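As structure tokens, the structure follows; a few thoughts come after it.
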Amino acid sequence: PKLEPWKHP
Amino acid sequence: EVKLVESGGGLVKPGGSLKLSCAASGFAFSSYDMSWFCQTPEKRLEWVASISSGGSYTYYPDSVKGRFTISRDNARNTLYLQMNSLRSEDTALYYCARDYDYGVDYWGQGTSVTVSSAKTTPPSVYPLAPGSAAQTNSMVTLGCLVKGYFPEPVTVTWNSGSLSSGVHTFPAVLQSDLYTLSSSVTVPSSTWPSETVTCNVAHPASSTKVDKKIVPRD
Amino acid sequence: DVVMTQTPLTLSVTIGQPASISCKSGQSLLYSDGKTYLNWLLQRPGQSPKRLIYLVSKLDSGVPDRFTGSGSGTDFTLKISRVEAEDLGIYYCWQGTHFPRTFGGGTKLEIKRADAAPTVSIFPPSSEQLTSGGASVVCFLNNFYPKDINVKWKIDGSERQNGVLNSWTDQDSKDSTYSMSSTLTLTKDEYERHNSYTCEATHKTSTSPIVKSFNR
């Protein structure tokens, strides 16, 4: 997963 | 190729609801976070909602939180935005998008939403012909005025599509719950008249078609 | 929440020549993870947004290397080493480090070309409109360059602004000109108690206004 920081881990 | 086709936009009243849809194809939909964005009529882009690939997590800016709901049918490759308590400010062009590579990589085509309590109104279509014998006697320009309709859009053609060059159709402007638009066409003063020049105006929201032949005044 | 300020608002540029656009954030985009979530996108006229850049400088693989993103902290640049016709559009920067995602306001990229004075045409109201008991005078100013234009309305050599309505086309992607219409709307009654109707266009191509006019 290459998600933005505020996304859920 | 990745593809996102939004549907469901239209005219709604303030306080009302509308559910938008986004049909996704050409990728493993259920493996990606998805989002909604909108582009306001003055071309501001704004983030509207996001949902985890699985659907567990949803996220909203304060301006839509409590009012709007994002979800997805993975089995059926579809993204949704249930919008409630609509206000004029939500009037925008709404886009479905895919969240990948530390942001967003694909955008759909958009579906248009207008929140207004103004009345659906078919256009008046006035023909515009000159006076004299043309400044540049060689080319003559004509038009029609499309006045007094709501909501957007209308379409304007000239002689059913076959007169497409020399055409400027201007963007509509909203001025008291009513849009006005004009179109101009530019033709050899040797073909007018002679042959007929007709504007074809269509306004789907009132199921209306108007075909105004431009006749030389007096 | 995070303020994104892009500059300039529009930028005219020259096929063959470089260009750069700037985008400032009100606060640092650096995340406590080493990665900077700063994006560029292009919207071509009437088309959907197209990713251009992510993490400051990673190029979307549909985009040529003519484009390079750079910056750090609060200052970023998108640069085009040589501009093609298809670069026309609006460029937005956008941030996803801080919740909620926010966007800059757009830099409109425009193409230079030979000046053109508008072809200007005036139309009196139609018989049909007048039976509705209203009257609009319409002025088309077509295929000019550059975008900047001024149009005044004159009624019996007065000047009138308080019923006018303008609309501009996008830069045409065929001839790179602009066009504009100006609609003056009155009651049949006002319109029948005046004689001279003038549409006066000030463009940079002249010192003197293009004047178009009719009596009745």
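Protein chains in written order, with the deposited numbering: chain C, 6 to 14; chain H, 1 to 218; chain L, 1 to 216. Idealized CB from N, CA, C, for every residue including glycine.
Residue i versus residue j: straight-line alpha-carbon distance, rounded
i: L:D115; j: L:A19; result: 21 Å
i: H:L4; j: H:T111; result: 11 Å
i: L:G105; j: L:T205; result: 30 Å
i: L:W40; j: L:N150; result: 34 Å
i: H:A28; j: L:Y145; result: 48 Å
i: H:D177; j: H:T155; result: 19 Å
i: H:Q109; j: H:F150; result: 23 Å
i: L:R216; j: L:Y197; result: 8 Å
i: L:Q47; j: H:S138; result: 36 Å
i: H:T58; j: L:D33; result: 23 Å
i: H:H203; j: H:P123; result: 7 Å
i: H:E1; j: H:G26; result: 5 Å
i: L:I155; j: H:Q135; result: 22 Å
i: H:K212; j: H:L163; result: 14 Å
i: L:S173; j: H:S17; result: 38 Å
i: H:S160; j: L:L55; result: 48 Å
i: L:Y92; j: L:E128; result: 45 Å
i: L:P64; j: H:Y102; result: 20 Å
i: H:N77; j: H:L93; result: 22 Å
i: H:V140; j: H:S183; result: 14 Å
i: H:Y60; j: H:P41; result: 21 Å
i: L:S72; j: L:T5; result: 15 Å
i: H:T91; j: H:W47; result: 14 Å
i: L:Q171; j: H:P193; result: 31 Å
i: H:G143; j: L:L78; result: 42 Å
i: H:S50; j: H:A97; result: 9 Å
i: L:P49; j: L:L29; result: 22 Å
Other residues of its chain near residue i: CB distance less than 6 Å, five sequence neighbours each side excluded
i: L:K212; result: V120, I122 and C199
i: L:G96; result: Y37
i: L:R44; result: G89
i: L:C139; result: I122, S182 and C199
i: L:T185; result: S136 and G163
i: H:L11; result: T114 and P151
i: H:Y95; result: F37, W107, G108 and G110
i: L:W94; result: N39 and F103
i: L:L141; result: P118, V120, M180 and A201
i: L:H194; result: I155 and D156
i: H:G9; result: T111, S112 and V113
Close Cβ partners of residue i (< 7 Å) along its chain, the five nearest in sequence each way excluded
i: L:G26; result: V2 and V3
i: L:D175; result: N143
i: L:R51; result: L41 and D60
i: H:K147; result: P123, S124, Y126 and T180
Rounded distance between the beta-carbons of residue j and residue i, thought under 8 Å
i: H:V201; j: H:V187; result: Wrong, their Cβ atoms sit about 18 Å apart, outside the cutoff.
i: L:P125; j: L:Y178; result: Actually they are not in contact, since the Cβ atoms of L:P125 and L:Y178 sit about 26 Å apart, beyond 8 Å.
i: H:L79; j: H:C22; result: 4 Å
i: H:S85; j: H:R67; result: 4 Å
i: H:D73; j: H:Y32; result: Rounded, the Cβ-Cβ distance is 14 Å, inconsistent with contact.
i: L:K147; j: L:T14; result: At roughly 16 Å, the Cβ-Cβ gap does not stay under 8 Å, so L:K147 and L:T14 are not in contact.
i: L:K24; j: L:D87; result: Rounded, the Cβ-Cβ distance is 22 Å, inconsistent with contact.
i: H:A129; j: H:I214; result: 5 Å
i: H:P14; j: H:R87; result: 6 Å
Start-to-end residues for the alpha helix (DSSP H) that takes in residue i
i: L:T131; result: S127 to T131
i: L:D189; result: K188 to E192
Endpoints, beta strand (DSSP E) assigned at residue i
i: H:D33; result: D33 to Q39
i: L:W94; result: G89 to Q95
i: L:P45; result: It is not in any beta strand (DSSP E) - L:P45 carries neither H nor E in the DSSP assignment.
i: L:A85; result: No beta strand (DSSP E) contains L:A85, which DSSP labels as neither H nor E.
i: H:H203; result: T198 to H203
i: L:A135; result: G134 to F144
i: L:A19; result: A19 to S25
Proximal residues to residue i (C-beta, below 8 Å), its chain only, five neighbours per side dropped
i: residue 217 of chain L; result: The requested residue 217 of chain L does not occur in the structure, where chain L is confined to residues 1 to 216.
i: H:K119; result: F150 and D177
i: L:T187; result: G133, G134 and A135
i: L:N166; result: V151, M180, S181, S182 and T183
i: L:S57; result: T68, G69 and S70
i: H:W158; result: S164, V167, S183, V185, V197, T198, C199 and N200
Beta-carbon neighbours of residue i, restricted to chain B and to distances below 7 Å
i: H:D101; result: Considering every chain present, this structure includes no chain B. Its protein chains are C, H and L.
Using a Cβ-Cβ cut-off of less than 7 Å, give me the residues of the segment 57 to 88 of chain H that come near chain L, in sequence order. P61
Given a limit of 8 Å on CB to CB distance, which residues of the segment 114 to 127 of chain H reach chain L? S124, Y126 and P127
For the segment 41 to 53 of chain H, enumerate the residues whose C-beta is nearer than 8 Å to any C-beta of chain L, in chain order. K43, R44, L45, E46 and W47
What residues from the segment 90 to 101 of chain L come within 7 Å of chain H, judged by C-beta to C-beta, listed N to C? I90, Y92, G96, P100 and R101
Got a sec: which bits of the segment 174 to 204 of chain H sit with their beta carbon under 7 Å from any beta carbon on chain L, in order along the chain? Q175, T180, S182 and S184
Give me the subset of the segment 30 to 61 of chain L whose CB atoms are less than 9 Å from a CB atom of chain C, sorted by chain position. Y31, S32, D33, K35 and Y37
Where the segment 9 to 22 of chain H meets chain L: residues whose CB sits under 8 Å from a CB there: none
Residues within the segment 26 to 37 of chain H neighbouring chain C, beta-carbon criterion of under 8 Å: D33
Could you please tell me which residues of the segment 123 to 144 of chain L, in chain order, have their CB closer than 9 Å to any CB of chain H? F123, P124, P125, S126, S127, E128, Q129, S132, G134, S136, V138, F140, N142 and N143
Which residues, taken in chain order from the segment 164 to 192 of chain L, show a beta carbon closer than 7 Å to some beta carbon of chain H? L165, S167, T169, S179, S181 and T183
Closer than 7 Å, Cβ to any Cβ of chain L: which residues of the segment 159 to 173 of chain H, in chain order? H168, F170, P171 and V173
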